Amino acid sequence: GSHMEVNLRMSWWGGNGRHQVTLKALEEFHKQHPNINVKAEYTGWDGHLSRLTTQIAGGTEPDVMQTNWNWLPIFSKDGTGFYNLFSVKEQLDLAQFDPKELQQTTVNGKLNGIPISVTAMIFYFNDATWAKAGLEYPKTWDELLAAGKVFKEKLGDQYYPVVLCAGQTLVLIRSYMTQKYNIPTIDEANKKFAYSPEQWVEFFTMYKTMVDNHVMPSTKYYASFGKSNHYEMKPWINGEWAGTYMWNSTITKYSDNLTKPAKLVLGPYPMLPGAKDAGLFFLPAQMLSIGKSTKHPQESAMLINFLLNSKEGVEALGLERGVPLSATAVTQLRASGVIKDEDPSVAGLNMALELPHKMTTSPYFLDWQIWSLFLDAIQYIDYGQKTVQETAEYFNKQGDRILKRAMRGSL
């Protein structure tokens, strides 16, 4: 015999804003499932992965948990680290999602989590400065280059079409190489980067070409824009740095620091002639997953479904985790006015979802050691320690060593 009630545990992280709405959502869940209880185990980001790690190791994790995309390779290299969500297809309306984004959270045939929202880096431009320069936004890569020189001569040496940190520049070039070559960037199975030597040379050649054309400040100005914070620097506020390439889901920071009436507007995504693939880096912002060892996979799956697809759950959660991916979810929030097509974040996402997106991405491309190394490599170019060639060989070699380490055996 079993019991009158089912007891579930769920974990998530965030600020009080996120806590409040999910707490709310759990009351609504319990109203519809009065014999399913939920113990809410939540904290801020700091310390979270560490607590969950030690729980997951000893089979003590919650039934349902908010997870990060890059946790898949940590706890689920062979795809069995979390419960296979295809097995609770009956409780969990998978029809509300698409294969493109479900594939990112599938590992060795197993649906390891449901992406709550997705985001990708795209271009946003300052309309006032581009008006001053007398330019339309770039539709091609060469137009982006061409813009650099117009910005320099027609407005000044302090004006740039965009401002980019190392990480953005890395994702951006990757995007260009994907358009040109249609090859994957990380060779997953062999724990190494996939490009050939020539292509790494090309990669950095591209970086040099962008800088030489005044597309964005080089790393000699790294003292200036080298911040998870440069949307507060004067060049940003004043429209000197006239655009960025950035996750659509985190553009409001930049948008809000512009001296109005200047606005930050969605740009085209530049394409090579007859590219079959735009090469965006799509990234699920977070996921709901089910504990591998849950005694209640069905009820766990009901909770996830309720938070993501139900009217009440959807209404309560709002945008506290980004713009929902669930089709019923976004239809609901559009009708309620919560999601506004004119919001730069939503317009960018919409455009992004619609660009050709053949090639797929590895969580290891966003590894911070990798990003840190790319910053090193471009400075060696800007400060004259290495030619493009030498830098390329360097990045390929050290890049491989950082990967093998991060994908097992570190040490």
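Numbers for residues come from their place in the sequence shown, where the first is 1.
In this entry, the higher average B-factor at the C-alpha atoms falls on 221 to 229, of the pair 296 to 304 and 221 to 229. Taking only CA atoms, the mean B-factor in the PDB entry is higher for 179 to 187 than for the other of 179 to 187 and 315 to 323.
Ranking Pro62, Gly44, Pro363, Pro344 by Cα temperature factor from the entry places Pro344 first. Of all the options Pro161, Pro235, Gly274, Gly134, the entry's greatest CA B-factor is assigned to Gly274. Split the chain's modelled residues into thirds by C-alpha temperature factor. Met351 is in the highest one. Ranked within its chain, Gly113 lands in the lowest third, by CA B factor from the PDB record. Per-chain ranking of the deposited C-alpha B factor places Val38 in the middle third. The deposited CA B-factor of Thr252 belongs to the highest third of values across its chain. When all modelled residues of the chain are sorted by CA temperature factor, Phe282 is found within the highest third.
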